[PDB]
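For reference, the structure is listed below as structure tokens.
Methodologically, a virtual Cβ is constructed for each residue, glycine included, from the backbone with ideal geometry; neighbour enumeration extends over all protein chains shown. Every number here is computed from the coordinates shown, using simple stated rules; none is lab data.
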Amino acid sequence: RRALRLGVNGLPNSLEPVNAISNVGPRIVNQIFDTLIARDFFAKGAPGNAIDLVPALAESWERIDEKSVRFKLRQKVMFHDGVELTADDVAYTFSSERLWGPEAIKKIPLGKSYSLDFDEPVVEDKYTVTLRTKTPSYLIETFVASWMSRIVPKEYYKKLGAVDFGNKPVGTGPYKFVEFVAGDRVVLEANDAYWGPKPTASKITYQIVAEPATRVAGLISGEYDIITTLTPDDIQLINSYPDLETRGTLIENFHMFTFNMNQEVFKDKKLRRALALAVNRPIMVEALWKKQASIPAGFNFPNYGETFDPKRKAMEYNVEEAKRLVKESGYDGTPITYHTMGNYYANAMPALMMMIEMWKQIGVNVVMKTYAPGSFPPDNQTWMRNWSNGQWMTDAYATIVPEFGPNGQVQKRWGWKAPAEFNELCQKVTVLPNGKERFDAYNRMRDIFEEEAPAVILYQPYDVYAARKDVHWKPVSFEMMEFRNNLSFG
Ligand SMILES: CC(C)OP(=O)(O)O[C@@H]1[C@@H](O)[C@@H](O)CO[C@H]1O
């Protein structure tokens, strides 16, 4: 077997699966760990976008009532160190101690904010575990299939603690941990004791190449088998090589810009709305995305299933209203900083360049401020910044409620004073089953989100990868890389 060489845009701060939730972490943690339920993106000849949920660590499951799901676990599944996976490891993964409890905030900072209203799991036997919520939740199944639910070994994790575990991870996944050199690489090796489809690569290296041009030239040399986070502008050149090709897809993620609402200038919605209303998304999608990216009609995505609104109108573009809103606001022409980690996000810097020009035209002077990976400045030194949200549920709950909800980081850390109505509907949607009331509540939340502008949705990026033709791997409609039955050589 060949050793897989990946030229990536970035690396996560940790390999602890919840702390690895980013654009850069899932592509690694998906190799080290498994979930109870997994998604088959390639079901029924789909091009890496199938919504099909299949058994993984749980061979079967059954919803008992409105707040509990019993899982029958796959037997004799071994962790990388030889310890057998039991219901105890599953219970610990979803425990108050490790995940959603008050003390857990020091280990997994976003654990509670991203979790459901969990109640302590129930271990029925060695291979039977019931996951439960304190209040009704029809989201247990989707949460279990998500990036929040990768199963950790209880004894090893507790022995090391969350911080040391994130630097020496042990999972059940197809690839085991070899090395993690921060700001350089993550090396993994084949787990030949894997319960599922056998690893096809002997080794996997995720090498940071922050500059996309250095990344492209890296594949042409070729120092890499696959390179990530490209732009549709890189397409024609890579494809001009007979042994190289681009591989891309629209992913279940949106790019955005957001605000530090603790800053005087961003406390009121006026300037935030003015900046939102001047964003010309169709020109950005032509100039930088060559029609490949997509513009959602608000905080509304097809993956939401029953909570997606297909009748919803597009987000407003109104330069004249934006101009008036700048005039009415307290803003005085003082340069506003916009923080970006270079091109961590595809087209981050070219996108900002276009917006600075759009904003200059409405009377807002915006300045780019670059920061190195891991060198993000203190919160009060930042005003505007770019971000992305992976839509991780087959439901509208994620990410409006975990990110923008009353217990979320946009309101708590970033100072968004959300209207009472918004927070009230967030509570109803978490608890209500699907229906007219729930559908309408999500639509009213979407209306408040656009009126308030705590963040401004830009587009669903078209995720562009490039690879050696002799490396057979197909992208998935999510911000991760899948190698299970989706990696071979020659
Ligand atoms: C830099 C990082 C933490 O942000 P990123 O856009 O890579 O990851 C987000 C994550 O913060 C969370 O909002 C869920 O979606 C991810 O894309």
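To keep it simple, each residue is scored yes or no on (1) touching a residue at least 24 places away in the same chain (Cβ under 8 Å); (2) touching a helix residue (DSSP H, G or I) at 6+ places or on another chain (Cβ under 7 Å).
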residue: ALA46; (1), (2): no, no
residue: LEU57; (1), (2): yes, no
residue: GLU84; (1), (2): no, no
residue: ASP89; (1), (2): yes, yes
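Every test in (1) more than 20 Å from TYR138 (Cβ to Cβ); (2) crowded, with 16+ Cβ neighbours inside 10 Å is passed by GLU421 save one, and that test is (2).
Pairs linking a residue in the range 352-364 that is without any contact (Cβ under 8 Å) to a residue 24 or more places away in the chain to a residue that is of a type outside the set (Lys, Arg), with Cβ atoms under 6 Å and 6 or more positions apart or on different chains, are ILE356/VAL366.
Restricting the range 368-383 to residues that are of a type outside the set (S, T, N, Q) and surrounded by fewer than 12 Cβ atoms within 10 Å (Cβ to Cβ), the residue that is farthest from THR340 (Cα to Cα) is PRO378.
Among the residues making up the range 58-80, those that are under 17 Å from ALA193 (Cα atoms) and surrounded by fewer than 17 Cβ atoms within 10 Å (Cβ to Cβ) are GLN75, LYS76, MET78. What pairs can you find where one residue is in the range 4-25 and hydroxyl-bearing (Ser, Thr, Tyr), the other is more than 10 Å from the ligand (Cβ to nearest atom) and part of a loop (DSSP other than H, G, I, E, B), and their Cβ atoms are less than 9 Å apart, with a gap of 6+ or different chains? Final answer for the pair search is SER14/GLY166; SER14/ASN167; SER14/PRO169. Is it the case that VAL83 is within 16 Å of the ligand (Cβ to nearest atom) and either within 28 Å of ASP192 (Cβ to Cβ) or hydrophobic (A, V, I, L, M, F, W, C) (or both)? The answer is no for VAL83. Within the range 273-320, the residues that satisfy the criterion of being assigned to a helix (DSSP H, G or I), within 20 Å of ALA348 (Cα to Cα) and not basic (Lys, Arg) are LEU275, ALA276, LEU277, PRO282, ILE283, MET284, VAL285, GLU286, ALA287. Of all the residues in the range 12-38, those that are touching a helix residue (DSSP H, G or I) at 6+ places or on another chain (Cβ under 8 Å) and either hydrophobic (A, V, I, L, M, F, W, C) or within 16 Å of the ligand (Cβ to nearest atom) (or both) number 12. Whether a residue is without any contact (Cβ under 8 Å) to a residue 12 or more places away in the chain, more than 16 Å from the ligand (Cβ to nearest atom) and either of a type outside the set (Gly, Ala, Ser) or touching a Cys at 6+ places or on another chain (Cβ under 6 Å) (or both) was assessed, and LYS313 does not pass this test. Among the residues of the range 314-334, are any surrounded by 15 or more Cβ atoms within 10 Å (Cβ to Cβ), within 30 Å of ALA441 (Cα to Cα) and within 26 Å of the chain's Cα centre (by Cα)? Yes, the conditions are met somewhere in the range 314-334. When each of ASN389, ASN423 is tested for being among the polar types (S, T, N, Q) and farther than 27 Å from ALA348 by Cα, the lone residue that passes is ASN423. Residues in the range 298-308 include none that are of a type in the set (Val, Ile, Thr) and farther than 21 Å from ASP440 by Cβ. Do you know which of the residues in the range 1-38 that are among the basic types (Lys, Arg) and surrounded by fewer than 21 Cβ atoms within 10 Å (Cβ to Cβ) is nearest to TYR465 (Cα to Cα)? Per the stated criteria, the residue is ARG2.
Pairing each residue of the range 204-230 that is over 15 Å from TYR241 (Cβ atoms) with any residue that is hydroxyl-bearing (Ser, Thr, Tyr), provided the two are 6+ apart or on different chains, yields C-beta distances under 7 Å for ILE204/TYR175; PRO212/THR229; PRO212/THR231; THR228/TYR465. Residue under question is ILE220, and the condition is that it be in contact with a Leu (Cβ under 8 Å, 6 or more places away or on another chain), at negative phi, part of a helix (DSSP H, G or I) and not basic (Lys, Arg); does it hold? Yes, satisfied.
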